[PDB]
Structures are given as C-alpha cells and as structure tokens.
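Chains as they are written, first to last, in the entry's author numbering: chain V, 196 to 389; chain R, 7 to 205; chain W, 54 to 497; chain U, 1 to 252; chain X, 371 to 422; chain H, 614 to 681; chain A, 16 to 65; chain F, 22 to 58; chain Y, 46 to 70; chain S, 261 to 290.
This report concerns only the one structure given below.
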Amino acid sequence: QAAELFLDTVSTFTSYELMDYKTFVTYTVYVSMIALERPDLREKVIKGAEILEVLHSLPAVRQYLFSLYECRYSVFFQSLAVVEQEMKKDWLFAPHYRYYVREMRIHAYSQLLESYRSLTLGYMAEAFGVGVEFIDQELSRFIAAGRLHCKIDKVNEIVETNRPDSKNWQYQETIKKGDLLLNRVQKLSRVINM
Amino acid sequence: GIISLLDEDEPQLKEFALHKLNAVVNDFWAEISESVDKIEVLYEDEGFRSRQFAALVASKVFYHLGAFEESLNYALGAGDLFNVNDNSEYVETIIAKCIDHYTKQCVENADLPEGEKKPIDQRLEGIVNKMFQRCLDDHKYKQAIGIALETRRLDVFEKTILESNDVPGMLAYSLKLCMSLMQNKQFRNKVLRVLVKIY
Amino acid sequence: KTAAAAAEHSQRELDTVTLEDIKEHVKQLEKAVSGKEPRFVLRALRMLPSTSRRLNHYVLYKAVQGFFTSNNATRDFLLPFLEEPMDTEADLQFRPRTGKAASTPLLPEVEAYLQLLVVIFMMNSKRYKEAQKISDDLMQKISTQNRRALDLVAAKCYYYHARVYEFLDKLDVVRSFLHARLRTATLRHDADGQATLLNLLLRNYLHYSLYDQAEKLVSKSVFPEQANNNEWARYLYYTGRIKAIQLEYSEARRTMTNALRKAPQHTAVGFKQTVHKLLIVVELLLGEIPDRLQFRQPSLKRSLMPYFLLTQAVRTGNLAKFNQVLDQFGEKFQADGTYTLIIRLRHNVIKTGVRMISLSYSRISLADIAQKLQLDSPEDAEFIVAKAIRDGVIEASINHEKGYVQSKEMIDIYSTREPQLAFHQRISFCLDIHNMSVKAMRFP
Amino acid sequence: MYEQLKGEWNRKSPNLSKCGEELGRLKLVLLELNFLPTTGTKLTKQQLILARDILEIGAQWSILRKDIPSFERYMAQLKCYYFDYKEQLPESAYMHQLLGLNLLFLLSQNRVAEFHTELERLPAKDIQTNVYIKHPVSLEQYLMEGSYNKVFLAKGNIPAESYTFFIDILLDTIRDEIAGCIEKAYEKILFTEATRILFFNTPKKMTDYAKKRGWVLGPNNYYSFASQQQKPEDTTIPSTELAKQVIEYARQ
Amino acid sequence: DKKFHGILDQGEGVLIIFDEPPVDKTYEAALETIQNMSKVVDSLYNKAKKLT
Amino acid sequence: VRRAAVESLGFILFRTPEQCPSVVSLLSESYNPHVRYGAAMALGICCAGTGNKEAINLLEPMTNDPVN
Amino acid sequence: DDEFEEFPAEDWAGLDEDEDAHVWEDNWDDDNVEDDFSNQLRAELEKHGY
Amino acid sequence: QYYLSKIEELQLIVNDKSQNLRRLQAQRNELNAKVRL
Amino acid sequence: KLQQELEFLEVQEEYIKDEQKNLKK
Amino acid sequence: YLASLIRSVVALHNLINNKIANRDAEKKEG
C-alpha cells in the first residue's frame with residue numbers, strides 16, 4: 196500500500212514535508228525494495244527519469260539499487276548492510292528485525308535459487324559474499340522462517356530446491372485459502388443456530 | 007475396578023459385588039456403562055444362584071447404555087424380577103415399551119391368526135398382564151380404559167366393563183372411540199366384537 | 054444531607070427500575086403462558102443476567118409481597134429466608150392481581166423463576182444455606198409438576214443449582230440430583246436439560262480431577278447438537294481439555310478452536326483466558342506454532358508473555374532458560390492444571406525441534422541435529438529420528454550409514470483429490486442450513 | 001474375623017497352599033460388611049486396612065508368579081478399594097509405590113489415559129517427591145523423548161518396590177516397538193545392525209526376528225519389501241464418493 | 371525475467387529445460403474468485419449482523 | 614387426471630374439514646386453472662354445511678380468479 | 016448478558032505498557048535476539064580477512 | 022396421554038416441515054405462472 | 046379421545062407432508 | 261471450492277436473513 200500510493204512524484208513543496216525531496220526518494224527506494232524483487236520494475240521505477248536523476252545525485256543509493264537489479268550479491272550484501280545501518284539512523288526503523296535486510300535477501304535468495312535446482316553451498320557463498328558457514332546458517336534460519344523454498348543436503352552440502360510448478364504452487368494456495376474459508380464458514384455456522 | 011470382584015471364581019464374591027449395583031445405579035454411570043462385558047460373564051455363569059438378579063443389574067447396565075429395549079429383554083429373561091417395583095419412571099418407560107411391543111405383536115398375530123404366530127412370551131405376557139391389571143385396579147377408570155385401549159388387547163374392554171364400572175359413562179365414552187377414533191376394520195374387529203356383545 | 058438524600062433517592066429509583074424489570078419479566082411469562090412460546094421465555098432468561106448485577110433486599114421483598122397477592126408456599130419460604138433491610142421511605146402500589154388473577158393458582162413457570170431468582174440473589178449476597186434450600190425447593194417443584202414447558206426452564210435451573218452447589222462444595226453430593234434429573238430428561242426428551250447436567254457433571258469431575266470417569270461417561274453419552282450455544286461451548290471445551298489430558302491431540306486442537314469460536318467474543322473473559330492457555334500448551338507440544346495474532350489479546354498480555362517465551366524456547370530448543378521461567382511463574386500453570394504437560398513440553402521441545410528441522414532439511418546429519426538441539430550424542434540423535442518416524446509426524450528416515458532422509462515427489466492421483474475429498478462436506482452444510490430454514494419458516 | 005492379618009505374608013509366602021488361606025480370608029474377613037460406606041466405624045477402617053494389605057500381598061504374589069488374569073484382577077480390586085480416599089488415614093507407604101508399579105505395567109498394556117488421570121489426581125505426589133512413583137514417569141518420559149538404550153539402563157534399577165519385572169515387561173513392549181520401528185520406512189537393516197546397536201546380542205530374540213516378521217535376511221542384511229508403489233489408480237472410490245455427493249444434492 | 375523455461379542444476383552441471391504448460395491459469399483465476407467473493411462478504415456481513 | 618384428483622379429495626377428507634384447506638395450499642394456487650378449480654370444488658364438497666371459517670377465507674381469492 | 020466469570024478470569028496484572036502498541040504484525044522469527052545483520056556481516060568480513 | 026404427546030410432537034415436526042414445503046411449491050408455481058405469462 | 050385423535054391427525058399430516066414434498070422434483 | 265461452498269454460503273445467507281426477520285418479527289409483534 197505504501198509504494199502504490201507513494202511512487203507519485205508530485206511534491207507539495209520542492210523540499211519540505213519529509214525533510215527533502217532526496218529523503219522522499221530514499222523512502223521511495225526503501226519502500227520499493229521491501230515491495231518487490233525484479234519483475235518489470237525496470238519499467239516501473241528504473242524507467243523513471245527523475246528516479247535515475249536522483250540516483251545520480253546519490254551514488255551509494257544508486258549503488259545498492261543497481262546491485263539488487265543486477266543481482267550481484269558480492270556488492271549487494273555489503274550495500275544492504277549499509278542500508279540497514281542507514282535505516283538505524285532513521286526514526287522509520289519499525290521493521291528492526293523483520294524487514295530491513297532479512298526480507299530483502301529472502302526475495303534475493305528466492306530470485307537466486309529459482310531458475311536453479313542444486314547450487315552448491317560453497318560456491319553460492321563466494322558468489323554471495325564470504326563465510327560458507329555464514330550463508331549455511333542464514334539459509335537454515337530462513338528455511339525455518341518459512342521462505343526459501345528448498346532443502347539442504349548437509350551430508351553433501353547441496354541446496355536442493357523444491358519449486359512447485361505453476362499448477363502445484365497455485366493448488367497449494369487454493370488449499371490454504373480453502374482452509375481459511377472453511378474456518379470462516381464454520382464460524383458462520385456457529386453464528387447461525389444460536 | 008469392582009468388575010474384578012465379579013471376575014473372581016468365588017460365587018459369594020460375585021454376589022457381594024453385585025448386591026449394591028442396584029443402589030449405586032443412580033450415582034455411578036460411566037463405570038457401569040463400560041462394564042457390559044463383566045455382566046455378560048455373570049449372565050453366562052448361570053450355575054451361580056444369582057442369575058436372576060444379575061440379569062436385573064444387566065438391565066440396569068443397559069439403562070446406563072440407553073438401550074431400554076435391551077434392558078427390557080434382560081429383565082424379561084430374569085422373569086419375576088421384571089416387576090420388583092411398580093412405581094418408578096424407568097419402570098414406566100419399560101412398561102410403555104413393552105405395551106407397545108405387545109400391541110404390535112397382538113395386531114400382527116390377529117391379522118395373521120391362522121397359526122404360525124410369533125411366540126407370545128410367557129414372561130412378557132405375565133408382566134403385561136400384571137401391569138394393565140394393576141392399571142385397571144388403581145381405581146382410576148377415566149384413564150384405565152384409555153391405557154387399556156392403548157394396550158390393544160382383544161378382551162381388555164370386556165374386562166374393564168366386567169370389573170368395577172366406575173363412571174358408568176365409560177360405556178358411551180368407549181362407544182364414541184370405536185365409532186369415530188377406531189375405524190381401521192382389520193384390527194378394529196376386537197373392539198367391535200366386544201362392543202357388539204355388550205351393547 | 055442533600056447529597057446523601059439525592060444519592061439514596063437515585064438508588065431507590067434504580068431499585069424501582071429493577072422492580073419494573075422484574076414486573077416486565079412477569080408480563081413476559083403471562084404472554085408466554087398465553088402463547089405457549091418458550092422462545093420469548095428464552096429472551097426473558099437472556100435479559101435477566103444483564104440486570105442481575107444490581108438488586109436490593111428491599112426491592113426483592115417488594116416484588117415478593119406484590120406478586121404473591123394470594124398466599125402461597127413461595128411467600129412462606131421467602132418470608133424468613135429473604136432478609137429485607139429496615140423501614141424504607143419508598144413504597145409502591147402493590148396490587149398486580151385482583152379478583153380472577155388472585156383466584157387463579159400461581160404459574161409453575163413463574164414459580165421456577167422466583168426460586169431461581171432467589172438463589173441467584175442469595176449467591177449475590179454470598180449466602181449458602183438459604184440458597185441451597187431455595188434451589189432444593191425449585192427442583193422439588195419442577196419434579197412435581199410435569200408440564201412440557203417447565204423442563205426447558207429446568208435446564209438452566211439445574212445448571213445454576215449445581216453451580217451454587219459447587220461453591221457449597223456439595224458438587225460431589227449434587228451428582229445424585231444431576232443423574233436423577235438426567236433420567237427424567239431422558240424420559241421427557243429434554244436435550245437442553247441433559248446438556249446442562251453433563252456440563253455440571255464434567256465440571257464436577259474437573260474439580261475432583263475425575264478424568265477417567267469423565268472420559269468413560271463422555272465416550273458413551275450422546276450430546277445434543279441443537280443445545281444452547283453457551284452449554285455447547287462449555288461441553289466442547291471440557292471435552293477438549295480431557296482429550297488434551299488423554300493426549301488426543303488433533304481432536305484437542307479441533308475442539309479447543311471450535312470452543313473458542315463458539316464462545317461469545319465480547320464476553321467469556323475467563324473462558325477466553327483458559328482457551329488461550331490451552332491452545333498455547335497443546336499446540337506447542339504438537340509443534341504447531343501458536344497463532345501470533347492471538348498475542349494481541351488485550352486481556353492476556355501478562356499470561357502470554359511467559360507463554361511467548363515458552364514458544365521461543367520451543368522453537369530454539371534450549372532448556373535452562375524456560376526451566377528458570379517455569380520456576381518463576383509456573384504456579385499459574387499448576388492452577389490451570391497443565392504443569393504436568395508443561396514439563397512434557399519441556400522434554401518434548403527436542404521432538405518439536407526435530408520436526409521443524411526435518412521439514413527444513415533434506416538430508417541432515419545425525420551429528421548436526423544433535424548439535425543443533427543439544428543432544429551431543431550420535432546414538433541419541435539416531436534414537437530420536439527413529440522415534441519421530443515411528444510416530445509418523447515427519448518423513449525423516451534412517452540409513453545407518455550417514456542418516457539419509459527421502460525428499461518429496463510430484464503430485465499423484467490422490468494428492469489433488471484429498472482436498473476435495475476432505476472438503477466436499479460443503480453441500481452437507483448447505484443441506485442442514487436448508488433444513489434449518491424449513492424448520493424456521495413459520496408464517497404466523 | 002480379624003484373623004492372622006499378616007501372620008505368614010510378611011516374612012515369606014512362596015507356597016501355593018496360601019491361596020486357600022487367602023480364599024478363606026476373602027470369605028470371612030473381606031466379606032464382613034462392605035467397603036463402600038466408610039462413614040464412621042473405625043472397625044471398617046481397619047477392614048479397609050487389611051483389604052489393602054491383602055491386595056498388595058496378592059499383587060506381589062501375582063507379579064512373582066506371572067499370572068495375568070489373577071494379577072489384573074488384583075489390580076482392579078486395588079483400584080476399586082483405593083477409590084475411597086480417606087485423608088485422616090495414614091497415606092503413602094503402600095500408595096505411591098504400588099500405584100507406580102500398576103501404572104507402569106498399564107503402560108506396558110498401552111494405556112495412557114489412566115496414567116495421566118492418576119497423575120492429575122496426584123499433583124505433588126509425582127513431581128515434588130516420591131521417586132517411588134515418578135520412576136515410571138521418568139521411564140515413559142525418556143521412552144517418549146529420545147532413548148532406547150538409556151531407557152534400558154534407567155530401567156536397570158527400580159526404587160519403588162524392587163520387583164524388577166515391570167522393567168522386563170516394558171522390555172518386551174519395547175522389543176515389539178523397536179521391531180515395529182524397524183518395520184517402518186527404514187531403507188535397510190543389517191544383521192549386525194539389528195543384533196548389536198539396539199539390544200539382544202544373538203539370543204532367541206534373533207531367531208524370533210528372523211522368523212516372525214518379513215524383511216528376509218539377504219547377505220547379513222534385512223531389506224525393506226514392497227510397500228511403496230506407483231499404484232496405477234483404478235480410481236473407483238473417488239467415483240463412489242462422487243456418486244455419494246450426487247445423491248446428496250439430488251434431493252431436498 | 372521469465373524469458374526462458376528451465377532450472378539450473380549446478381550439482382549435475384546442467385540446466386533442466388522444461389516446457390511449462392500455461393493453460394493452468396484457471397488455478398490463479400479461481401483463487402482470485404475465492405478471495406474477492408468470500409473475504410469481501412463474509413467478514414463484513416456477519417460482523418455487521420453479529421447478533422441473530 | 615390433475616383436475617379430477619384435486620376435486621375428488623373432499624369425499625375422503627370431509628372427515629377432516631380443518632384439513633380441507635391445509636391440503637390445498639398449493640392446489641388452489643397452482644398454475645393449472647383446472648387444478649385450482651378442483652381444489653375449490655374439493656373444499657366445497659368436503660364442507661357441506663360447516664362454517665369452517667378457513668375454507669371460506671382461502672376460497673375468497675378464487676371467487677375472482679381470471680380464469681372462468 | 017453475563018461475562019462468564021465462572022471460568023477462572025485472571026486478568027493481566029501488569030497494566031504497564033503495550034509492547035506492540037502500534038499495528039505492527041509480529042512473526043515467530045521477528046522476535047529473535049541477535050546483533051542484527053550489519054555487525055554479523057562485519058564479523059564475516061573480518062574472519063575472511065577484509 | 023404421554024404417547025399422545027409424543028405423537029403430537031411428531032405431528033408438530035411434520036407440520037413445521039410441511040410449511041415451507043407448501044410455500045416453496047406455491048412460489049415456484051407462481052414463478053412458472055409468471056414465465057408462462 | 047385425544048389419543049387416536051392425534052394418531053389420526055399425525056397419520057394424515059405425515060402423509061400430506063411427503064405427498065406435497067413429492068412435487069419438489 | 262466454488263460450487264458446493266457457494267451453494268452453502270448462499271443458503272447460509274438466506275437462512276441468516278430469515279432468522280433475523282423471524283427474530284425481529286417475534287420481538288416486535290407486540
């Protein structure tokens with residue numbers, strides 16, 4: 196909801212309200228980064244001429260935004276940590292443990308391991324920073340969190356993903372919503388006959 | 007569980023365990039409801055001198071289970087202990103079921119009376135006879151004729167008018183019952199033949 | 054003196070308002086007797102507790118002396134039992150029955166209500182012996198009179214009777230009364246009365262922890278589906294609690310979430326607290342992660358904060374931290390009766406962690422799982438995964454070489470059909486809705 | 001009446017002739033008046049005392065003689081007689097230990113509802129003190145959480161009343177449980193795998209394993225048989241339930 | 371960017387190319403119908419008429 | 614058969630004049646005017662000299678039915 | 016209308032603060048305790064040498 | 022007169038059911054008349 | 046009196062329920 | 261999900277509408 200009503204680059208004042216137009220943009224970049232990973236975001240925000248101009252104004256902000264767009268994790272994680280540090284210095288710090296970096300890398304890891312089947316932990320580690328153990332524990336923590344649809348073959352140190360087909364994943368979504376709405380109609384069956 | 011005291015091969019131990027079942031029947035239900043197997047063992051153990059009252063508490067077990075008809079059958083097989091007490095609500099329930107059974111059996115055995123009748127149980131006929139006899143002798147003939155007509159006996163109206171004819175308008179009362187209420191001639195013939203023989 | 058007089062006059066006016074509420078109740082029963090309608094009776098019983106929180110001994114004696122224009126046993130019982138205050142300046146025109154109204158005998162329904170209203174008033178006054186005597190008179194009168202509409206009254210009357218006897222600790226003695234009225238209800242097909250008596254009986258077995266007898270009776274006693282919503286909720290919760298004690302886990306979670314949904318959302322604060330604690334403990338034992346949105350309950354913050362830490366301990370797999378918090382704030386868990394389960398979760402935390410990590414990993418090392426969940430033993434890790442697979446909670450298998458575990462497979466014949474097979478009861482719900490409509494489309 | 005309360009049962013009662021004396025005890029003293037009311041009558045209180053004493057003696061005799069019908073009958077009599085809790089009488093001593101043995105063997109009969117409901121009847125009897133009665137609780141706790149061999153070593157001692165045969169009967173339930181657990185979805189079972197790690201180093205248990213259940217021994221290895229199949233599905237019970245739905249909303 | 375239909379199996383050093391069947395949009399359309407025909411109605415209506 | 618079977622029912626059901634209007638709540642209003650005609654005639658037959666007070670009320674709408 | 020006080024109604028005796036006083040929706044993972052990620056990545060960079 | 026009462030209750034159940042069955046028949050009949058018109 | 050009165054009334058009403066229900070199809 | 265449930269929901273809507281109407285009629289008739 197934030198992004199959908201906040202990409203509008205029509206400011207009531209040239210530099211006011213949110214302390215600047217540059218601060219306005221940084222909020223836009225953060226919100227969009229939380230929003231989505233890489234659909235035709237090239238045609239949604241990257242195509243934005245004012246967007247490209249303000250990223251020219253802020254090189255580091257342009258750096259991580261292009262790093263996410265290019266899916267180059269070696270610079271992405273360092274820049275993502277810089278982003279989290281910057282958000283710490285900001286009063287809009289509400290997702291202190293949920294959606295600073297963990298959600299963005301959940302999107303990034305999903306983007307990475309999708310179109311992959313069995314990418315080795317040792318090589319995905321160096322392609323995504325350093326510390327093979329650090330990536331291994333991060334993957335284990337996020338799989339426990341629920342996202343990163345994959346499993347880890349520890350005896351061989353492999354990342355065997357389980358991406359459902361379009362039919363399979365969507366069928367899973369329908370049975371989930373069927374569960375929620377059976378709960379709903381059972382509640383409504385409670386509402387009746389009383 | 008007290009079921010072990012009945013599971014012992016000592017007849018005196020069995021009898022001791024099964025005295026107070028008819029007294030704890032009101033308070034304890036779950037323990038007696040689950041003990042159907044034990045009372046079946048006691049019922050099968052007919053060499054023990056308490057077969058009849060074991061069948062009585064077997065009917066009490068089926069009172070707990072909710073099978074009033076099966077409890078009726080068990081107290082039926084006990085025989086003389088079906089009518090231990092004539093004034094209770096469970097007694098009223100079982101006699102009402104037995105009257106319904108007697109009514110159905112009498113109707114079908116009168117619709118097909120040329121032999122091959124379903125065996126009229128001596129034990130069932132005995133308790134039935136006792137129950138409507140006392141319901142006739144309670145000296146409330148505004149309802150004695152009504153329960154008699156519900157019982158559906160061929161000779162019961164004749165018995166009612168041959169006994170103490172309290173409220174002698176009962177003759178006209180049963181007259182209008184057979185004139186308007188009872189009209190299905192196939193089983194009406196019993197009331198009709200009594201009605202013609204008296205009037 | 055002006056302020057005190059104004060306050061006394063105002064409270065007397067509210068006392069007269071409550072008397073008019075009781076007078077409205079009397080007119081409701083006059084209409085109910087005229088129309089043979091127990092539904093508007095149910096409305097009267099629904100509206101009584103709303104005004105029940107503010108009554109006065111003097112206004113009760115006013116209603117007693119007014120309604121009992123003709124001398125009756127109810128007035129003779131209330132004269133010594135009801136202790137009205139001293140002389141009061143406020144009096145009302147007590148002449149509701151004149152001529153034929155006074156000549157006609159008292160209605161059994163209003164007699165049961167005055168008796169039930171006295172016993173609620175005695176308990177509000179925190180009296181026991183007089184309350185039990187009025188309640189005994191109520192059940193005696195209801196037993197003697199055999200009208201059909203009285204047993205619907207008798208349901209809630211026996212309900213509150215045994216609730217009083219629970220405070221009296223006669224909750225053991227009242228069992229004979231409960232069973233005797235159960236037999237009468239069985240004779241008269243009084244499903245609501247049956248529902249009340251089993252609920253009282255189950256609470257009796259709860260207070261004595263007589264769970265083996267409770268489960269043996271529940272497994273054989275059929276409960277009415279069309280019973281009252283509150284009685285249904287209490288019965289279902291008690292059934293859920295005893296199944297939880299019985300380790301009937303999937304049935305427990307189904308019953309407890311059904312009971313929570315069946316309870317009124319605006320009321321039943323104590324019932325709500327109990328069901329939150331029940332769902333937290335049972336689902337944590339299951340490993341079914343507790344519902345996070347339930348933590349926003351405004352009435353359960355302090356009780357669920359240690360429960361939140363218990364959830365965190367269950368996910369993590371640590372022992373010492375939650376053992377400390379149990380030693381700190383475990384007394385309320387003992388009062389709720391889940392402390393034996395609490396320790397069971399404390400030692401089944403490893404089982405829950407094994408399930409979650411098995412869902413996480415494809416081929417996890419037995420050494421790795423032992424290190425993760427603080428086993429420090431390859432053999433104990435092998436035993437745990439052996440015990441998980443034999444329980445069938447997870448699909449993790451054992452290969453004594455290194456601990457292999459199979460992965461999933463693409464969708465088969467029945468994997469697309471098990472939702473429709475388990476969900477096509479939609480039309481069964483539709484047909485019972487339609488049948489209820491057929492029952493509930495009376496034209497006049 | 002009140003004859004030889006424990007005259008020969010305290011020191012040693014190994015003979016079978018004492019069964020007749022016990023039967024005479026049941027006829028005369030156990031059947032004096034009743035065991036139900038226990039309102040007053042301290043004489044009946046002592047009658048309950050002797051009833052519990054002969055029940056524990058019968059329990060010890062039955063567990064030593066290995067007679068399931070007699071032992072179960074004594075267990076049920078013990079439960080029904082103890083159904084009357086009188087707090088003024090001296091509790092414990094006979095209570096916690098016997099209840100632990102009874103519950104432990106009941107779990108060997110695979111009953112958990114009675115175990116937990118008795119635990120709820122005993123709030124602090126099981127957790128605060130009385131290792132006599134928490135020993136079965138600890139054994140079940142370990143046997144549910146993570147242990148097979150650790151359970152065996154834990155079973156090696158009984159603090160309740162010695163009588164280390166409930167551990168053997170639980171050992172018989174866990175050999176059955178282990179056999180089921182290895183008849184589960186396991187991939188392979190070596191002969192040394194079944195013989196060494198778990199238990200039963202080449203006893204008659206080994207012949208029982210090799211002859212009773214499937215998974216025929218290959219080369220020093222038992223292997224899983226045909227249990228998972230592609231199952232080309234005739235799909236007939238989906239048709240029946242579809243017809244059940246059809247008839248369900250073909251009317252009303 | 372969904373311009374290709376495959377999965378990169380690095381463990382085998384290959385990429386498994388799969389022909390994705392797109393006729394399964396009935397699935398997503400059905401879910402959208404479930405969402406916008408149930409959520410917008412059941413909660414609103416039966417929270418407005420809480421008492422019945 | 615429809616008009617016949619909705620008119621020759623009062624011969625049997627005149628023993629229950631209170632049930633004459635009950636068994637025709639659909640016949641007197643049915644889309645078949647002959648069925649409505651039979652229902653009307655059935656109540657008329659089964660109530661010969663009875664002030665039913667209910668058959669009259671249900672037959673009042675049929676006194677002005679559009680079909681002749 | 017009654018509050019069903021018969022069931023044990025142990026109201027929460029803190030009455031001090033609402034931890035999630037705003038509309039924030041928490042997750043089971045969101046409440047884990049760590050030194051966020053920036054410090055962890057710095058330690059990762061240090062152990063690799065840069 | 023108690024089996025009397027039970028038969029009356031079964032009578033009441035039949036009547037209550039037959040209410041909407043009669044009404045449903047009448048309104049569907051009206052619908053068929055409307056479409057014929 | 047009322048016994049067979051309600052018996053006959055039940056028989057007739059239970060019948061007419063099923064018969065008028067026969068038109069739902 | 262979308263024929264049996266939909267029939268159940270619409271039938272439920274009809275019943276709860278009828279129940280509301282019947283309850284209001286019973287309470288406000290007199």
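For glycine and all other residues, C-beta sits at the position ideal for the given N, C-alpha and C.
Looking at chain S, is there any beta carbon in it that lies within less than 9 Å of the beta carbon of residue i?
| i | result |
| --- | --- |
| residue 376 of chain V | yes |
| residue 415 of chain X | yes |
With residue i and residue j assumed to form a contact (beta carbons below 8 Å), what rounded beta-carbon distance in angstroms separates them?
| i | j | result |
| --- | --- | --- |
| residue 23 of chain U | residue 16 of chain R | 7 Å |
| residue 32 of chain F | residue 50 of chain Y | Their Cβ separation, rounded to whole angstroms, is 11 Å, which puts residue 32 of chain F and residue 50 of chain Y out of contact at 8 Å. |
| residue 426 of chain W | residue 403 of chain W | 5 Å |
| residue 189 of chain U | residue 222 of chain U | 4 Å |
| residue 84 of chain U | residue 38 of chain U | 5 Å |
| residue 42 of chain R | residue 67 of chain R | 6 Å |
| residue 352 of chain V | residue 415 of chain W | The pair is not a contact, with the Cβ atoms about 11 Å apart (cut-off 8 Å). |
| residue 18 of chain W | residue 294 of chain W | Since the first residue shown for chain W is 54 and the last is 497, residue 18 of chain W is missing from the structure and cannot be characterised. |
Return the bridge partner residues of residue i from the DSSP annotation.
| i | result |
| --- | --- |
| residue 345 of chain V | V:356 |
| residue 81 of chain U | According to DSSP, which records beta bridges pairwise, residue 81 of chain U is partnered with nothing at all. |
| residue 188 of chain U | U:223 |
| residue 386 of chain X | X:377 |
| residue 416 of chain W | V:348 |
| residue 264 of chain W | Answer by DSSP bridge pairing: none, since residue 264 of chain W is not bridged. |
Give the single residue among the options whose Cα lies nearest to the Cα of residue i.
| i | options | result |
| --- | --- | --- |
| residue 176 of chain W | W:217, W:211, W:143 | W:217 |
| residue 48 of chain R | R:180, R:22, R:114 | R:22 |
| residue 29 of chain R | U:154, U:204, U:125, U:36 | U:36 |
| residue 19 of chain A | W:286, W:57, W:68, W:390 | W:286 |
| residue 102 of chain R | R:181, R:35, R:138 | R:138 |
| residue 337 of chain W | W:311, W:297, W:355 | W:297 |
| residue 178 of chain U | W:111, W:436, W:453, W:446 | W:436 |
| residue 53 of chain R | R:18, R:75, R:35, R:31 | R:18 |
Would residue i count as contacting chain F if we go by Cβ distances under 9 Å?
| i | result |
| --- | --- |
| residue 196 of chain W | no |
| residue 66 of chain Y | yes |
Any Cβ of chain U within less than 9 Å of the Cβ of residue i?
| i | result |
| --- | --- |
| residue 26 of chain R | yes |
| residue 43 of chain R | no |
Got a sec: is the Cβ-Cβ distance from residue i to anything in chain R below 9 Å?
| i | result |
| --- | --- |
| residue 50 of chain Y | yes |
| residue 75 of chain U | yes |
| residue 46 of chain Y | yes |
Counting only beta-carbon atoms, is residue i nearer than 9 Å to chain Y?
| i | result |
| --- | --- |
| residue 53 of chain F | no |
So that I know if they touch, is there some Cβ in chain C lying closer than 9 Å to that of residue i?
| i | result |
| --- | --- |
| residue 32 of chain F | Structure shown: chain C not included; protein chains present are V, R, W, U, X, H, A, F, Y and S. |
Between residue i and chain V, is there a C-beta pair that is closer than 9 Å?
| i | result |
| --- | --- |
| residue 46 of chain A | yes |
Counting Cβ pairs, one atom from each stretch, are 3 or more of them under 8 Å apart for the stretch 264 to 278 of chain S and the stretch 57 to 69 of chain W?
no
Pair every Cβ in the stretch 291 to 301 of chain V with every Cβ in the stretch 334 to 343 of chain V, then say whether three or more of these pairs are closer than 8 Å.
Yes, they touch.
Taking three-plus beta-carbon pairs below 8 Å as touching, is the stretch 359 to 374 of chain V in contact with the stretch 395 to 410 of chain X?
yes
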